[PDB]
Structure formats: C-alpha cells, structure tokens
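Heads up: the structure comes next, in structure tokens.
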Amino acid sequence: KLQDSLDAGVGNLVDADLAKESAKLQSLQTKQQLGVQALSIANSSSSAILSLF
Amino acid sequence: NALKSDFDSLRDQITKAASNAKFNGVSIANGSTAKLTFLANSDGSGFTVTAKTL
C-alpha cells in the first residue's frame, strides 16, 4: 500500500491533464495558421510601390 | 507469554507504519512538526493543515 500511495503522489505531481492539452492544441494550430496568413499579408505590402512608376 | 509476545509484535508494527509514512521528506502524521502550511492564494496566504500524530 505504501508503494501505491507514493506512486499516486508522484503521478499527481508530474502528470499532465490531456484534455486541456488537446484544447490548447486546437487553439494553437488555428493561431499558427492565422499567423502565417498575417505574415503573407505583411510581405505583400511592398507591392504598392511599383505602380507609382 | 504467547499473547504478550503477540501484543509486542503488533506494537512494533504500529511504530514502523507510523514512522515510515512520509512524502518528499515531510510527514503530517509522524509527529515531526506541529503543522503543515500549503499555498492557498496568489497573495501568498497559506492553507493550514494541522498535524495529527499517529
């Protein structure tokens, strides 16, 4: 019983809550995709200069 | 004499089970300290667990 209790204690200390991890995962992937689109829009900014000439 | 030896053996088992009950070097039940105070809020106020000597 002592070994079981010490194992459960270390398990409370180190273990991750997988459900919150999956939620963070979906939010982070969507954030990354929108960030890539923002970087593309930022790269496109220089194009306006050419039409001046 | 047999019953007395049985009684002493059970007593020694109590001392062993009580002294061995630790987690991470501290114990709420071996009587080694008056109380144990855990964090309770971001301000630093502490939750208080008064010790109980088994």
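Letters for chains follow the order of the structure tokens (A, B, ...), residue numbers begin at 1 for each chain, and ligand numbers begin at 1 in the order shown.
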Which of chain B counts as strand (DSSP E) under DSSP, as a PyMOL selection string please? chain B and resi 35-39+46-50
Go through chain B residue by residue and, counting only C-alpha atoms, keep those with an atom at most 9 Å from chain A; for each kept residue give the shortest atom pair and its distance in Å to one decimal, ordered by chain and increasing number, as a tab-separated table.
```
residue	atom	partner	partner_atom	distance
B:20	CA	A:2	CA	8.7
B:21	CA	A:2	CA	7.7
B:22	CA	A:6	CA	8.8
B:23	CA	A:6	CA	7.1
```
For the residues in that selection, give me N, CA and C atoms as an mmCIF file, in the first residue's frame.
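Printed below is part-v3.cif as written:
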```cif
data_model
loop_
_atom_site.group_PDB
_atom_site.id
_atom_site.type_symbol
_atom_site.label_atom_id
_atom_site.label_comp_id
_atom_site.auth_asym_id
_atom_site.auth_seq_id
_atom_site.Cartn_x
_atom_site.Cartn_y
_atom_site.Cartn_z
ATOM 1 N N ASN B 20 7.200 5.362 8.935
ATOM 2 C CA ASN B 20 7.551 5.239 7.523
ATOM 3 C C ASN B 20 6.666 6.102 6.635
ATOM 4 N N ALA B 21 5.610 6.682 7.193
ATOM 5 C CA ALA B 21 4.607 7.371 6.392
ATOM 6 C C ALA B 21 5.079 8.774 6.037
ATOM 7 N N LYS B 22 5.867 8.886 4.973
ATOM 8 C CA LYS B 22 6.374 10.178 4.544
ATOM 9 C C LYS B 22 6.050 10.389 3.079
ATOM 10 N N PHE B 23 6.061 11.656 2.680
ATOM 11 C CA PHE B 23 6.075 12.043 1.279
ATOM 12 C C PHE B 23 7.061 13.182 1.116
#
```
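When the distance limit is 7 Å and only C-alpha atoms are what count, the residues near segment 33-35 of chain B, minus those fewer than 5 positions from it on the same chain, are residues 49, 50 and 51 of chain B.
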Give me, as a VMD selection string, all polymer residues having an atom no more than 10 Å from residue 47 of chain B, counting only C-alpha atoms and skipping those fewer than 5 positions away in the same chain. chain B and resid 36 to 41
If you keep C-alpha atoms, can you produce a file of those selected residues as a compact mmCIF listing (two decimals), in the first residue's frame?
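Listed below is the output, selection_28.txt:
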```
# COMPACT_ATOMS: atom_id res chain seq x y z
CA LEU B 36 1.88 21.97 7.52
CA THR B 37 1.03 25.11 5.54
CA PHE B 38 0.42 24.91 1.80
CA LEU B 39 -0.05 27.77 -0.65
CA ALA B 40 -3.63 28.99 -0.86
CA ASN B 41 -3.65 32.16 -2.96
```
From a DSSP calculation on the backbone, collect every residue of chain B in alpha helix (DSSP H) and output the set as a ChimeraX atom specification. /B:2-19
If you count only C-alpha atoms, the residue of B:1, B:29, B:42, B:52 closest to residue 15 of chain B turns out to be B:29
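Checking A:13, A:49, A:38, A:25 one by one against residue 24 of chain B, counting only C-alpha atoms, you find the shortest gap at A:13.
We find atom CA of residue 42 of chain A and atom CA of residue 26 of chain A to be spaced 24.5 Å apart.
You will find atom CA of residue 48 of chain B at 17.1 Å from atom CA of residue 30 of chain B.
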Write out as a PyMOL selection string the residues lying within 12 Å of residue 19 of chain B, counting only C-alpha atoms and excluding same-chain residues fewer than 5 positions away. chain B and resi 12-14+25-32+53-54
Okay, now the selection with C-alpha atoms, as a PDB file, in the first residue's frame?
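Output saved as again25.pdb:
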```pdb
ATOM      1  CA  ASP B  12       6.287  -2.606  16.802  1.00  0.00           C
ATOM      2  CA  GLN B  13       4.337  -2.796  13.560  1.00  0.00           C
ATOM      3  CA  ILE B  14       2.462   0.348  14.581  1.00  0.00           C
ATOM      4  CA  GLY B  25      10.791  14.108   3.264  1.00  0.00           C
ATOM      5  CA  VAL B  26       7.923  15.618   5.294  1.00  0.00           C
ATOM      6  CA  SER B  27       5.091  13.981   7.211  1.00  0.00           C
ATOM      7  CA  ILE B  28       1.776  15.137   8.628  1.00  0.00           C
ATOM      8  CA  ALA B  29       1.351  12.005  10.718  1.00  0.00           C
ATOM      9  CA  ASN B  30       4.708  11.018  12.215  1.00  0.00           C
ATOM     10  CA  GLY B  31       4.592  13.943  14.640  1.00  0.00           C
ATOM     11  CA  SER B  32       7.763  15.581  13.344  1.00  0.00           C
ATOM     12  CA  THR B  53       0.423  12.332  15.374  1.00  0.00           C
ATOM     13  CA  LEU B  54      -0.380   8.678  14.631  1.00  0.00           C
TER      14      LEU B  54
END
```
